[PDB]
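Below is work-v1.pdb, which holds PDB, C-alpha atoms (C1' of nucleotides) and all ligand atoms.
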ATOM      1  CA  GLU A   1     -15.380  -7.924  32.802  1.00  0.00           C
ATOM      2  CA  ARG A   2     -13.906  -4.598  31.689  1.00  0.00           C
ATOM      3  CA  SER A   3     -14.177  -5.561  28.003  1.00  0.00           C
ATOM      4  CA  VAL A   4     -17.757  -4.322  27.635  1.00  0.00           C
ATOM      5  CA  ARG A   5     -16.704  -1.388  29.834  1.00  0.00           C
ATOM      6  CA  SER A   6     -13.928  -0.211  27.507  1.00  0.00           C
ATOM      7  CA  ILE A   7     -15.974  -0.969  24.378  1.00  0.00           C
ATOM      8  CA  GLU A   8     -18.870   1.274  25.395  1.00  0.00           C
ATOM      9  CA  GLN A   9     -16.280   3.758  26.673  1.00  0.00           C
ATOM     10  CA  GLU A  10     -14.600   3.936  23.260  1.00  0.00           C
ATOM     11  CA  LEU A  11     -17.937   4.036  21.419  1.00  0.00           C
ATOM     12  CA  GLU A  12     -19.207   7.021  23.422  1.00  0.00           C
ATOM     13  CA  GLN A  13     -16.145   9.191  22.751  1.00  0.00           C
ATOM     14  CA  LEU A  14     -16.550   8.365  19.032  1.00  0.00           C
ATOM     15  CA  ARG A  15     -20.240   9.297  18.876  1.00  0.00           C
ATOM     16  CA  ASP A  16     -19.770  11.990  16.208  1.00  0.00           C
ATOM     17  CA  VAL A  17     -17.601   9.733  14.000  1.00  0.00           C
ATOM     18  CA  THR A  18     -18.850   7.444  11.233  1.00  0.00           C
ATOM     19  CA  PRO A  19     -17.703   3.802  11.113  1.00  0.00           C
ATOM     20  CA  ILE A  20     -15.550   2.890   8.142  1.00  0.00           C
ATOM     21  CA  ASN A  21     -18.056   0.366   6.747  1.00  0.00           C
ATOM     22  CA  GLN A  22     -20.731   3.098   6.474  1.00  0.00           C
ATOM     23  CA  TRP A  23     -18.674   5.928   4.859  1.00  0.00           C
ATOM     24  CA  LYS A  24     -20.405   7.131   1.679  1.00  0.00           C
ATOM     25  CA  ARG A  25     -17.787   6.760  -1.077  1.00  0.00           C
ATOM     26  CA  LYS A  26     -18.602   8.902  -4.106  1.00  0.00           C
ATOM     27  CA  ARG A  27     -16.684   7.840  -7.235  1.00  0.00           C
ATOM     28  CA  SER A  28     -15.280   4.568  -5.923  1.00  0.00           C
ATOM     29  CA  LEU A  29     -13.319   2.920  -8.733  1.00  0.00           C
ATOM     30  CA  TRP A  30     -13.527  -0.602  -7.280  1.00  0.00           C
ATOM     31  CA  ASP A  31     -15.008  -3.460  -9.340  1.00  0.00           C
ATOM     32  CA  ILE A  32     -15.233  -1.122 -12.358  1.00  0.00           C
ATOM     33  CA  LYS A  33     -14.342  -3.040 -15.501  1.00  0.00           C
ATOM     34  CA  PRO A  34     -13.362  -1.596 -18.892  1.00  0.00           C
ATOM     35  CA  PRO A  35     -16.034  -1.641 -21.612  1.00  0.00           C
ATOM     36  CA  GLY A  36     -16.687  -5.119 -22.969  1.00  0.00           C
ATOM     37  CA  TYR A  37     -14.988  -6.977 -20.097  1.00  0.00           C
ATOM     38  CA  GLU A  38     -18.179  -7.618 -18.096  1.00  0.00           C
ATOM     39  CA  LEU A  39     -17.883 -11.388 -18.619  1.00  0.00           C
ATOM     40  CA  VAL A  40     -14.081 -11.539 -18.236  1.00  0.00           C
ATOM     41  CA  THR A  41     -12.777 -12.264 -14.761  1.00  0.00           C
ATOM     42  CA  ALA A  42      -9.729 -10.486 -13.368  1.00  0.00           C
ATOM     43  CA  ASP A  43      -7.738 -13.726 -13.533  1.00  0.00           C
ATOM     44  CA  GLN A  44      -8.585 -14.267 -17.209  1.00  0.00           C
ATOM     45  CA  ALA A  45      -7.650 -10.668 -18.044  1.00  0.00           C
ATOM     46  CA  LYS A  46      -4.189 -10.844 -16.472  1.00  0.00           C
ATOM     47  CA  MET A  47      -3.384 -14.100 -18.285  1.00  0.00           C
ATOM     48  CA  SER A  48      -4.525 -12.634 -21.620  1.00  0.00           C
ATOM     49  CA  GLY A  49      -1.547 -10.252 -21.672  1.00  0.00           C
ATOM     50  CA  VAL A  50      -3.640  -7.158 -22.407  1.00  0.00           C
ATOM     51  CA  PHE A  51      -3.031  -5.828 -18.852  1.00  0.00           C
ATOM     52  CA  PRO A  52       0.686  -6.139 -18.043  1.00  0.00           C
ATOM     53  CA  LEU A  53       2.472  -4.616 -15.087  1.00  0.00           C
ATOM     54  CA  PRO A  54       4.933  -1.791 -15.875  1.00  0.00           C
ATOM     55  CA  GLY A  55       7.839  -4.093 -15.019  1.00  0.00           C
ATOM     56  CA  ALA A  56       6.957  -6.369 -17.941  1.00  0.00           C
TER      57      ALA A  56
ATOM     58  CA  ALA B   1      30.611  -8.143  22.021  1.00  0.00           C
ATOM     59  CA  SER B   2      27.040  -8.517  23.276  1.00  0.00           C
ATOM     60  CA  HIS B   3      25.903 -10.377  20.143  1.00  0.00           C
ATOM     61  CA  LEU B   4      27.143 -11.747  16.844  1.00  0.00           C
ATOM     62  CA  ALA B   5      27.247  -9.393  13.872  1.00  0.00           C
ATOM     63  CA  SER B   6      25.206 -10.219  10.779  1.00  0.00           C
ATOM     64  CA  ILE B   7      24.719  -9.088   7.183  1.00  0.00           C
ATOM     65  CA  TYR B   8      21.362 -10.664   6.273  1.00  0.00           C
ATOM     66  CA  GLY B   9      19.065  -8.364   4.317  1.00  0.00           C
ATOM     67  CA  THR B  10      21.822  -5.750   4.015  1.00  0.00           C
ATOM     68  CA  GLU B  11      23.547  -4.557   0.859  1.00  0.00           C
ATOM     69  CA  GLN B  12      26.533  -6.652   1.972  1.00  0.00           C
ATOM     70  CA  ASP B  13      24.360  -9.787   1.772  1.00  0.00           C
ATOM     71  CA  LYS B  14      25.416 -10.568  -1.787  1.00  0.00           C
ATOM     72  CA  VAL B  15      23.028 -13.538  -2.168  1.00  0.00           C
ATOM     73  CA  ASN B  16      19.727 -12.045  -0.959  1.00  0.00           C
ATOM     74  CA  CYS B  17      18.482  -8.889  -2.679  1.00  0.00           C
ATOM     75  CA  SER B  18      18.507  -6.120  -0.073  1.00  0.00           C
ATOM     76  CA  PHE B  19      16.073  -3.956  -2.043  1.00  0.00           C
ATOM     77  CA  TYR B  20      13.381  -6.625  -2.329  1.00  0.00           C
ATOM     78  CA  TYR B  21      13.835  -7.534   1.345  1.00  0.00           C
ATOM     79  CA  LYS B  22      13.284  -3.950   2.546  1.00  0.00           C
ATOM     80  CA  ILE B  23      11.245  -2.251  -0.202  1.00  0.00           C
ATOM     81  CA  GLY B  24       9.305  -5.229  -1.559  1.00  0.00           C
ATOM     82  CA  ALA B  25      10.196  -4.284  -5.137  1.00  0.00           C
ATOM     83  CA  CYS B  26      13.334  -4.512  -7.267  1.00  0.00           C
ATOM     84  CA  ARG B  27      14.125  -2.903 -10.610  1.00  0.00           C
ATOM     85  CA  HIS B  28      15.379  -6.263 -11.933  1.00  0.00           C
ATOM     86  CA  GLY B  29      12.177  -8.157 -11.122  1.00  0.00           C
ATOM     87  CA  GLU B  30      12.159 -11.889 -11.778  1.00  0.00           C
ATOM     88  CA  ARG B  31      15.480 -11.676 -13.665  1.00  0.00           C
ATOM     89  CA  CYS B  32      17.381 -10.541 -10.557  1.00  0.00           C
ATOM     90  CA  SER B  33      20.729 -12.174  -9.816  1.00  0.00           C
ATOM     91  CA  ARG B  34      20.007 -11.930  -6.067  1.00  0.00           C
ATOM     92  CA  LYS B  35      17.350 -13.764  -4.083  1.00  0.00           C
ATOM     93  CA  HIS B  36      13.778 -12.492  -3.690  1.00  0.00           C
ATOM     94  CA  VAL B  37      12.340 -14.572  -0.853  1.00  0.00           C
ATOM     95  CA  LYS B  38       8.561 -14.230  -1.151  1.00  0.00           C
ATOM     96  CA  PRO B  39       6.950 -14.734   2.277  1.00  0.00           C
ATOM     97  CA  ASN B  40       4.230 -17.321   2.769  1.00  0.00           C
ATOM     98  CA  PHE B  41       3.056 -15.445   5.887  1.00  0.00           C
ATOM     99  CA  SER B  42       3.071 -11.661   6.164  1.00  0.00           C
ATOM    100  CA  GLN B  43       1.120  -8.743   7.580  1.00  0.00           C
ATOM    101  CA  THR B  44       1.895  -6.567   4.544  1.00  0.00           C
ATOM    102  CA  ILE B  45       0.462  -6.932   1.036  1.00  0.00           C
ATOM    103  CA  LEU B  46       1.526  -5.312  -2.233  1.00  0.00           C
ATOM    104  CA  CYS B  47      -0.713  -4.028  -5.036  1.00  0.00           C
ATOM    105  CA  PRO B  48       1.686  -2.821  -7.745  1.00  0.00           C
ATOM    106  CA  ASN B  49       0.734  -0.006 -10.120  1.00  0.00           C
ATOM    107  CA  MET B  50      -2.509   0.678  -8.260  1.00  0.00           C
ATOM    108  CA  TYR B  51      -2.188   4.471  -8.008  1.00  0.00           C
ATOM    109  CA  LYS B  52      -2.092   6.341 -11.321  1.00  0.00           C
ATOM    110  CA  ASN B  53      -0.982   9.863 -10.439  1.00  0.00           C
ATOM    111  CA  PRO B  54      -2.839  12.247 -12.793  1.00  0.00           C
ATOM    112  CA  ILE B  55       0.354  14.308 -13.213  1.00  0.00           C
ATOM    113  CA  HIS B  56       1.869  11.470 -15.280  1.00  0.00           C
ATOM    114  CA  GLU B  57      -0.882  11.461 -17.938  1.00  0.00           C
ATOM    115  CA  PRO B  58      -2.081  13.822 -20.661  1.00  0.00           C
ATOM    116  CA  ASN B  59      -3.782  16.929 -19.229  1.00  0.00           C
ATOM    117  CA  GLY B  60      -2.093  16.038 -15.935  1.00  0.00           C
ATOM    118  CA  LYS B  61      -0.684  19.532 -15.529  1.00  0.00           C
ATOM    119  CA  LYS B  62      -4.226  20.919 -15.930  1.00  0.00           C
ATOM    120  CA  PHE B  63      -4.900  20.779 -12.175  1.00  0.00           C
ATOM    121  CA  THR B  64      -4.404  23.110  -9.231  1.00  0.00           C
ATOM    122  CA  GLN B  65      -2.576  22.166  -6.044  1.00  0.00           C
ATOM    123  CA  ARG B  66      -5.931  22.011  -4.243  1.00  0.00           C
ATOM    124  CA  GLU B  67      -7.522  19.815  -6.924  1.00  0.00           C
ATOM    125  CA  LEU B  68      -4.577  17.403  -6.855  1.00  0.00           C
ATOM    126  CA  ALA B  69      -4.790  17.205  -3.057  1.00  0.00           C
ATOM    127  CA  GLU B  70      -8.515  16.423  -3.099  1.00  0.00           C
ATOM    128  CA  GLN B  71      -7.987  13.829  -5.840  1.00  0.00           C
ATOM    129  CA  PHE B  72      -5.292  11.943  -3.933  1.00  0.00           C
ATOM    130  CA  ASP B  73      -7.407  12.096  -0.777  1.00  0.00           C
ATOM    131  CA  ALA B  74     -10.202  10.483  -2.790  1.00  0.00           C
ATOM    132  CA  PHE B  75      -7.826   7.687  -3.804  1.00  0.00           C
ATOM    133  CA  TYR B  76      -6.377   7.134  -0.325  1.00  0.00           C
ATOM    134  CA  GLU B  77      -9.913   7.080   1.073  1.00  0.00           C
ATOM    135  CA  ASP B  78     -10.984   4.634  -1.644  1.00  0.00           C
ATOM    136  CA  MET B  79      -8.008   2.410  -0.796  1.00  0.00           C
ATOM    137  CA  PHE B  80      -8.219   2.505   3.005  1.00  0.00           C
ATOM    138  CA  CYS B  81     -11.965   1.842   3.135  1.00  0.00           C
ATOM    139  CA  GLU B  82     -11.874  -1.176   0.827  1.00  0.00           C
ATOM    140  CA  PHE B  83      -8.850  -2.760   2.521  1.00  0.00           C
ATOM    141  CA  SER B  84     -10.502  -2.297   5.930  1.00  0.00           C
ATOM    142  CA  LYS B  85     -13.115  -4.913   4.979  1.00  0.00           C
ATOM    143  CA  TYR B  86     -10.400  -7.598   5.233  1.00  0.00           C
ATOM    144  CA  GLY B  87      -9.068  -6.698   8.679  1.00  0.00           C
ATOM    145  CA  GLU B  88      -7.497  -3.978  10.765  1.00  0.00           C
ATOM    146  CA  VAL B  89      -5.284  -1.795   8.562  1.00  0.00           C
ATOM    147  CA  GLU B  90      -2.229  -0.701  10.541  1.00  0.00           C
ATOM    148  CA  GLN B  91      -0.657   1.373   7.760  1.00  0.00           C
ATOM    149  CA  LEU B  92      -1.302   2.245   4.115  1.00  0.00           C
ATOM    150  CA  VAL B  93       1.560   3.517   1.941  1.00  0.00           C
ATOM    151  CA  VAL B  94       1.254   4.812  -1.634  1.00  0.00           C
ATOM    152  CA  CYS B  95       4.404   5.181  -3.745  1.00  0.00           C
ATOM    153  CA  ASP B  96       4.733   8.193  -6.062  1.00  0.00           C
ATOM    154  CA  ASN B  97       7.758   6.838  -7.948  1.00  0.00           C
ATOM    155  CA  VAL B  98       7.993   6.502 -11.726  1.00  0.00           C
ATOM    156  CA  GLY B  99      10.292   3.479 -11.928  1.00  0.00           C
ATOM    157  CA  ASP B 100       8.598   0.451 -13.437  1.00  0.00           C
ATOM    158  CA  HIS B 101       8.953  -1.618 -10.249  1.00  0.00           C
ATOM    159  CA  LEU B 102       7.585   1.003  -7.821  1.00  0.00           C
ATOM    160  CA  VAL B 103       5.230   3.223  -9.849  1.00  0.00           C
ATOM    161  CA  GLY B 104       1.899   3.550  -8.068  1.00  0.00           C
ATOM    162  CA  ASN B 105       2.665   0.730  -5.648  1.00  0.00           C
ATOM    163  CA  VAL B 106       0.170   0.432  -2.790  1.00  0.00           C
ATOM    164  CA  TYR B 107       1.407  -1.365   0.330  1.00  0.00           C
ATOM    165  CA  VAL B 108      -1.048  -2.365   3.064  1.00  0.00           C
ATOM    166  CA  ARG B 109       0.073  -3.673   6.459  1.00  0.00           C
ATOM    167  CA  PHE B 110      -2.663  -5.525   8.323  1.00  0.00           C
ATOM    168  CA  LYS B 111      -2.707  -6.375  12.013  1.00  0.00           C
ATOM    169  CA  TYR B 112      -3.064 -10.143  11.528  1.00  0.00           C
ATOM    170  CA  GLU B 113      -1.404 -12.353   8.933  1.00  0.00           C
ATOM    171  CA  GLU B 114      -4.753 -13.995   8.150  1.00  0.00           C
ATOM    172  CA  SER B 115      -6.239 -10.633   7.125  1.00  0.00           C
ATOM    173  CA  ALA B 116      -3.403 -10.163   4.630  1.00  0.00           C
ATOM    174  CA  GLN B 117      -3.880 -13.624   3.117  1.00  0.00           C
ATOM    175  CA  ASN B 118      -7.644 -13.130   2.835  1.00  0.00           C
ATOM    176  CA  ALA B 119      -7.018  -9.813   1.070  1.00  0.00           C
ATOM    177  CA  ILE B 120      -4.811 -11.142  -1.735  1.00  0.00           C
ATOM    178  CA  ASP B 121      -7.132 -14.128  -2.237  1.00  0.00           C
ATOM    179  CA  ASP B 122     -10.069 -11.777  -2.878  1.00  0.00           C
ATOM    180  CA  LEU B 123      -8.256  -8.901  -4.592  1.00  0.00           C
ATOM    181  CA  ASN B 124      -6.672 -11.091  -7.283  1.00  0.00           C
ATOM    182  CA  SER B 125     -10.199 -11.661  -8.657  1.00  0.00           C
ATOM    183  CA  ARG B 126     -11.348  -8.015  -8.471  1.00  0.00           C
ATOM    184  CA  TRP B 127     -10.919  -4.909 -10.617  1.00  0.00           C
ATOM    185  CA  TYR B 128      -9.989  -1.303  -9.859  1.00  0.00           C
ATOM    186  CA  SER B 129     -10.331   1.571 -12.346  1.00  0.00           C
ATOM    187  CA  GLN B 130     -10.788  -0.664 -15.406  1.00  0.00           C
ATOM    188  CA  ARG B 131      -7.640  -2.670 -14.598  1.00  0.00           C
ATOM    189  CA  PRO B 132      -7.285  -6.013 -12.794  1.00  0.00           C
ATOM    190  CA  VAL B 133      -5.523  -5.634  -9.457  1.00  0.00           C
ATOM    191  CA  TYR B 134      -2.382  -7.632  -8.737  1.00  0.00           C
ATOM    192  CA  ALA B 135      -2.049  -8.551  -5.063  1.00  0.00           C
ATOM    193  CA  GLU B 136       0.689 -10.469  -3.271  1.00  0.00           C
ATOM    194  CA  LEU B 137       2.278 -10.774   0.148  1.00  0.00           C
ATOM    195  CA  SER B 138       5.144  -8.353   0.647  1.00  0.00           C
ATOM    196  CA  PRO B 139       8.214  -8.846   2.875  1.00  0.00           C
ATOM    197  CA  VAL B 140       8.063  -5.168   3.891  1.00  0.00           C
ATOM    198  CA  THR B 141       7.916  -4.732   7.669  1.00  0.00           C
ATOM    199  CA  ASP B 142       9.297  -1.311   8.692  1.00  0.00           C
ATOM    200  CA  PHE B 143       8.451   1.359   6.125  1.00  0.00           C
ATOM    201  CA  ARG B 144      11.152   3.610   7.594  1.00  0.00           C
ATOM    202  CA  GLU B 145      13.751   1.177   6.228  1.00  0.00           C
ATOM    203  CA  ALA B 146      12.121   1.362   2.773  1.00  0.00           C
ATOM    204  CA  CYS B 147      11.475   5.112   2.402  1.00  0.00           C
ATOM    205  CA  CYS B 148      13.956   7.531   0.852  1.00  0.00           C
ATOM    206  CA  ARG B 149      15.613   9.797   3.416  1.00  0.00           C
ATOM    207  CA  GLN B 150      16.442  12.709   1.112  1.00  0.00           C
ATOM    208  CA  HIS B 151      12.793  12.768   0.001  1.00  0.00           C
ATOM    209  CA  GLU B 152      11.464  13.334   3.529  1.00  0.00           C
ATOM    210  CA  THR B 153      13.709  16.360   4.128  1.00  0.00           C
ATOM    211  CA  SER B 154      13.657  18.405   0.904  1.00  0.00           C
ATOM    212  CA  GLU B 155      13.627  16.542  -2.426  1.00  0.00           C
ATOM    213  CA  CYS B 156      15.678  13.528  -3.510  1.00  0.00           C
ATOM    214  CA  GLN B 157      18.130  14.303  -6.312  1.00  0.00           C
ATOM    215  CA  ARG B 158      17.336  10.971  -8.001  1.00  0.00           C
ATOM    216  CA  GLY B 159      13.765  12.097  -8.702  1.00  0.00           C
ATOM    217  CA  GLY B 160      10.957   9.705  -9.550  1.00  0.00           C
ATOM    218  CA  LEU B 161      13.467   7.033 -10.603  1.00  0.00           C
ATOM    219  CA  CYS B 162      14.602   6.541  -6.996  1.00  0.00           C
ATOM    220  CA  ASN B 163      14.674   2.885  -5.978  1.00  0.00           C
ATOM    221  CA  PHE B 164      13.407   3.767  -2.484  1.00  0.00           C
ATOM    222  CA  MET B 165       9.797   4.594  -1.690  1.00  0.00           C
ATOM    223  CA  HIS B 166       8.693   8.159  -2.436  1.00  0.00           C
ATOM    224  CA  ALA B 167       5.530   7.878  -0.370  1.00  0.00           C
ATOM    225  CA  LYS B 168       2.757  10.354  -1.187  1.00  0.00           C
ATOM    226  CA  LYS B 169       1.123  11.253   2.094  1.00  0.00           C
ATOM    227  CA  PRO B 170      -2.608  12.045   2.244  1.00  0.00           C
ATOM    228  CA  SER B 171      -4.128  14.938   4.140  1.00  0.00           C
ATOM    229  CA  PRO B 172      -3.808  14.572   7.930  1.00  0.00           C
ATOM    230  CA  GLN B 173      -7.554  15.250   8.149  1.00  0.00           C
ATOM    231  CA  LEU B 174      -8.358  12.185   6.047  1.00  0.00           C
ATOM    232  CA  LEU B 175      -5.786   9.990   7.800  1.00  0.00           C
ATOM    233  CA  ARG B 176      -7.124  10.965  11.226  1.00  0.00           C
ATOM    234  CA  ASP B 177     -10.744  10.448  10.158  1.00  0.00           C
ATOM    235  CA  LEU B 178      -9.785   7.028   8.777  1.00  0.00           C
ATOM    236  CA  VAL B 179      -8.101   5.781  11.959  1.00  0.00           C
ATOM    237  CA  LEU B 180     -11.035   6.958  14.083  1.00  0.00           C
ATOM    238  CA  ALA B 181     -13.518   5.418  11.637  1.00  0.00           C
ATOM    239  CA  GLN B 182     -11.735   2.061  11.779  1.00  0.00           C
ATOM    240  CA  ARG B 183     -11.614   2.061  15.586  1.00  0.00           C
ATOM    241  CA  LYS B 184     -15.369   2.651  15.705  1.00  0.00           C
ATOM    242  CA  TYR B 185     -16.014  -0.054  13.103  1.00  0.00           C
ATOM    243  CA  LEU B 186     -13.798  -2.431  15.080  1.00  0.00           C
ATOM    244  CA  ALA B 187     -15.435  -1.432  18.371  1.00  0.00           C
ATOM    245  CA  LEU B 188     -18.883  -2.008  16.875  1.00  0.00           C
ATOM    246  CA  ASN B 189     -17.797  -5.492  15.791  1.00  0.00           C
ATOM    247  CA  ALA B 190     -17.017  -6.156  19.450  1.00  0.00           C
ATOM    248  CA  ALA B 191     -20.296  -5.305  21.193  1.00  0.00           C
ATOM    249  CA  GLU B 192     -21.839  -8.371  19.510  1.00  0.00           C
ATOM    250  CA  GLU B 193     -20.209 -10.584  22.165  1.00  0.00           C
TER     251      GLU B 193
ATOM    252  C1'   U C   1      23.143  -5.482  -8.321  1.00  0.00           C
ATOM    253  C1'   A C   2      22.967  -0.496  -6.122  1.00  0.00           C
ATOM    254  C1'   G C   3      22.396   4.619  -1.802  1.00  0.00           C
ATOM    255  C1'   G C   4      20.440   2.373   3.247  1.00  0.00           C
ATOM    256  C1'   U C   5      24.158  -0.077   8.592  1.00  0.00           C
TER     257        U C   5
HETATM  258 ZN    ZN D 201      16.365  -7.802  -6.765  1.00  0.00          ZN
HETATM  259 ZN    ZN D 202      14.558   9.175  -3.343  1.00  0.00          ZN
END

Take the structure I supplied and represent it as structure tokens, if you would.
Ligand SMILES: [Zn+2]
Ligand SMILES: [Zn+2]
Amino acid sequence: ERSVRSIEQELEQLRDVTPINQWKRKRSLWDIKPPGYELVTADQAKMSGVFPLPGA
Amino acid sequence: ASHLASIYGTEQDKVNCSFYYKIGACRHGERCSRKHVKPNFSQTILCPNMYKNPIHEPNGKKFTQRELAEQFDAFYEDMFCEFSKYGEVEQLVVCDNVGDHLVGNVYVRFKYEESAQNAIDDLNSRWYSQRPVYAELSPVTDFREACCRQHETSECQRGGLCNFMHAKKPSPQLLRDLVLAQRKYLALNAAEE
RNA sequence: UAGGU
């Protein structure tokens, strides 16, 4: 099979590249909630009406 | 005479909304007189109002052209990396418009339709920058048919209120590093078999 | 209900 041939071929040319799952992300704004909303889920916050989309 | 002519998805299709079919967003929203067919299967997802351009806030115009470039690169990196955990990201587009329907819209086209469905199922319960993220499947397929032409060459006279996508492109260095990083991550999740 | 087939 050439599958393991091309996989190790691609890996070797990308030796000095970091995989995307490893990348150190400084100041990642994901999962950051506003103060006081630690116990509020994202679904409950959207239905509350405090976080409307600009269209509405 | 090689094939029948059609008008579906065009601005002559007076029943379906051409703008929602191509751009995935319409200024009229849910009150539109024309049809917005929301796909049940799609490779592309939509996260509206995800990107808040600092230039549209107080102290926005307190930044240099280099600082603004590094800040948007930080956002595009933060977007691409997180969306990659759901599947192979074919393209990531960030809209710099100011219209209510397109402001800060983040479109993500995955390689498989299952990766797009898994993304919206997980994103709709997550937060980003102290705001809950809205995620949905988008009918957008070819971004060339949704981008503004006069904005690519020179500037568009309609400005930020243009109803076509005014995509903000990241640095080519970051985009290249992201595509190579995803290929390695995908290649590493292949040597296990 | 448009500028974009
Ligand atoms: Zn519409
Ligand atoms: Zn434009």

Given the file above and the PyMOL selection byres (((chain B and resi 140) around 7) and not hetatm), which residues are selected, and can you give them as an mmCIF file with C-alpha atoms, in the frame of the given file?
data_model
loop_
_atom_site.group_PDB
_atom_site.id
_atom_site.type_symbol
_atom_site.label_atom_id
_atom_site.label_comp_id
_atom_site.auth_asym_id
_atom_site.auth_seq_id
_atom_site.Cartn_x
_atom_site.Cartn_y
_atom_site.Cartn_z
ATOM 1 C CA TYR B 21 13.835 -7.534 1.345
ATOM 2 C CA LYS B 22 13.284 -3.950 2.546
ATOM 3 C CA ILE B 23 11.245 -2.251 -0.202
ATOM 4 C CA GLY B 24 9.305 -5.229 -1.559
ATOM 5 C CA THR B 44 1.895 -6.567 4.544
ATOM 6 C CA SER B 138 5.144 -8.353 0.647
ATOM 7 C CA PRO B 139 8.214 -8.846 2.875
ATOM 8 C CA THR B 141 7.916 -4.732 7.669
ATOM 9 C CA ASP B 142 9.297 -1.311 8.692
ATOM 10 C CA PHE B 143 8.451 1.359 6.125
#

* What residues have any atom no more than 9 Å from ligand ZN 201 (chain D) when counting all atoms listed in the file, and can you list them as a PyMOL selection string? -> (chain B and resi 16-21+25-36) or (chain C and resi 1)

Dump as CSV the rows for residues of chain A within 7 Å of region 111-134 of chain B: closest atom pair and distance in Å with one decimal, all atoms listed in the file counted, ordered by chain and rising residue number.
residue,atom,partner,partner_atom,distance
A:29,CA,B:129,CA,4.9
A:30,CA,B:128,CA,4.4
A:31,CA,B:127,CA,4.5
A:32,CA,B:130,CA,5.4
A:33,CA,B:130,CA,4.3
A:34,CA,B:130,CA,4.4
A:41,CA,B:125,CA,6.7
A:42,CA,B:125,CA,4.9
A:43,CA,B:125,CA,5.8
A:46,CA,B:132,CA,6.8

* Find the residues in chain A near chain B: any atom within 9 Å counts, using all atoms listed in the file. Write them as a PyMOL selection string. => chain A and resi 4+7-8+10-11+14-15+17-23+25-35+37+41-43+45-46+51+53-56

* **Result set, the PyMOL selection byres (((not hetatm)) within 9 of (chain D and resi 202)) on current file, as a PyMOL selection string** => chain B and resi 97+147-152+155-166

* **Coordinates-based distance that separates CA of residue 88 (chain B) from CA of residue 174 (chain B) (Å, one decimal)** =>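 Spanning CA of residue 174 (chain B) to CA of residue 88 (chain B) is a straight-line distance of 16.9 Å.
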
* Find the residues around residue 69 (chain B) up to 8 Å (only C-alpha atoms (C1' of nucleotides) counted), leave out those fewer than 3 positions away in its own chain, and share them as an MDAnalysis selection string. => chainID B and resid 65:66 72:73 170:171

* Report the distance between CA of residue 96 (chain B) and CA of residue 8 (chain B) in Å, rounded to one decimal place. => 28.0 Å

* So how many Å separate CA of residue 76 (chain B) and CA of residue 93 (chain B), to one decimal? -> 9.0 Å

* Applied to the shown file, which residues does the PyMOL selection byres (((chain C and resi 5) around 10) and not hetatm) return, written as an NGL selection string? -> (:B and (7 or 10-12)) or (:C and (4))

Box time for chain C: axis-aligned, enclosing all its listed atoms, 3 Å extra on each side; report centre and edge lengths in Å to one decimal, as JSON.
{"center_x": 22.3, "center_y": -0.4, "center_z": 0.1, "size_x": 9.7, "size_y": 16.1, "size_z": 22.9}
